[PDB]
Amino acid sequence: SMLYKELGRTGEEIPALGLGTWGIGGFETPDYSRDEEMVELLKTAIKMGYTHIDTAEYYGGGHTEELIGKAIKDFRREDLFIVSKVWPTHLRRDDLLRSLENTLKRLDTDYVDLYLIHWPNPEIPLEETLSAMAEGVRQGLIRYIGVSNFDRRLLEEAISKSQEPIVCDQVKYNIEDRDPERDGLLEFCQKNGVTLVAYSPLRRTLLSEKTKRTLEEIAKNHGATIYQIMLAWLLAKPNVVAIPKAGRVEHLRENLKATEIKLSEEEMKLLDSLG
């Protein structure tokens, strides 16, 4: 069963595992060769409880949003939490609103639940970008806004330049990548009502031997895989939600089961000490 957590200070709970859609319908460019199969995979995921869907305008060169737009027609729009993002070349006002409009056209929906700046662009003033996002909110095209790949100092700057609340910061965070801890970003989010959304929450390969050995012992004690332990570790943290890459039905089932794991206080301290 899906774990839910409050988003920001919105009073709204969202699935604490998002459905990562990078690669569905292509990566950087559109891939049409598996459209029927991919729509079926998206519907299967949503039916399992993955109603929080993470995508972006540049996923599959726009085709990922198109495939999501077909899959979601089997469901009530208000039951889904759809996240999209704008590429850093589109952060000027007119370009952002065009990116938003085209995202809504490809999704064939009237609004996105959450819209994020994918990556900061120092050349474009944050106040302009955030003011354009607020126009989208005022028009009913966006429910919530957030940022992605903003370190602590830039998140603070964004908060100071945003009319609307910044409800999240989506950053890379996993058992080996501790930049959000070392930056004080996780602590800032926990103390300021911002959800930290961990992408690449699983490190599937190239782990250190100390990490592998520690995860293997805890996984054994819980009858789980090391990937389930990596996810449970993130989900145990206040204000942390995770976006595993969907991939396939086996991953969707395994990751959903990771919400059933209750790590002990000893296990958490041991995992915390790996980075």
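When you see a residue number, it is the position in the sequence shown, counting from 1.
With 201 to 209 and 134 to 142 compared on mean CA B-factor from the PDB entry, the stretch scoring higher is 201 to 209. A summary of the deposited B-factors shows that, of 261 to 269 and 5 to 13, the stretch with the larger mean C-alpha value is 261 to 269.
Out of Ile243, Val240, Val39, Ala219, the entry records its largest CA B-factor for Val39. Ranked against the other modelled residues of its chain, the C-alpha B-factor of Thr51 as given in the entry falls in the middle third. Split the chain's modelled residues into thirds by C-alpha temperature factor. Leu256 is in the highest one.
Among the modelled residues of its chain, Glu66 has a C-alpha B-factor that falls in the middle third according to the deposited record. Compared with the other modelled residues of the chain, the Cα B-factor recorded for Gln163 ranks in the highest third. In this PDB entry, the Cα temperature factor of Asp31 sits in the top third of its chain's modelled residues, the highest group.
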